[PDB]
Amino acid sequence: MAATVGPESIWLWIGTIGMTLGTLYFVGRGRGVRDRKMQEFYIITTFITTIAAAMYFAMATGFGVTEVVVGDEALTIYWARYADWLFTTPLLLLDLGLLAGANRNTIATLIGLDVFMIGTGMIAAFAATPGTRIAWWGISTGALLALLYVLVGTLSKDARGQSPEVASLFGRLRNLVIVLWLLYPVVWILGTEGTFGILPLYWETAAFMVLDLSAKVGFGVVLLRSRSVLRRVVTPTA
């Protein structure tokens, strides 16, 4: 590590604040749910925001930062982003999976692709060459496309077998994931990590802040909005 933060810390704190607020919202919002199913959604969702909050606090306090050397240039890498995504992105897919009524093979595929995506993603963040970093960015992006392919394909088909409100709910959440998630690689390739520095680290941090907040608190908020629709994921009594 041994890297100082910078003016971007403003976004890091807003992010930390937002994630912490979403968590408390979901904790109180989840208060009183007895249905074992509705609860899953609250647990998964709540863990997504608190993890994100802790990592944002890590980058804010300067813990989740480091300096990576690449071609007579020292890039500033906020690695905590990966420790965050490594856990939160698969959970988000879990949410979608459970929402769509998908089976373990599909959900396992999604999780597997996702982890491969963040893993090759952090390799890219630390690679020692503009060529190597972009190669890895390329591997990781490929995986993103492979999992998005599962979302619009098999997963979408599963959701169509769900009650209409659930299917609708899925559609929204799926489309949110598609637009938001595709933006991450773009912000990365343009930002500091891509070695091209087209998008200043200050604005890159902000971009990731808006994305993370929308992909987690926003996502969670529309997911857990209605309790009755969410319990249509299952019909029988228990």
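All residue numbers are counted from 1 along the displayed sequence.
Between the stretches 44-52 and 63-71, it is 63-71 that shows the larger average CA temperature factor. The mean Cα B-factor in the deposited entry runs higher for 125-133 than for the other of 125-133 and 108-116. Taking the deposited Cα B-factors for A207, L173, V33, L213, the highest one is held by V33.
For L12, the recorded CA temperature factor ranks within the middle third of the chain's modelled residues. Annotation for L151: C-alpha temperature factor in the highest third relative to the rest of the modelled chain, per the entry.
Sort the modelled residues of the chain by CA B factor and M19 lands in the lowest third. For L223, the recorded CA B-factor ranks within the middle third of the chain. Only modelled residues enter the ranking. Annotation for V186: CA B-factor lies in the middle third of the chain's modelled residues.
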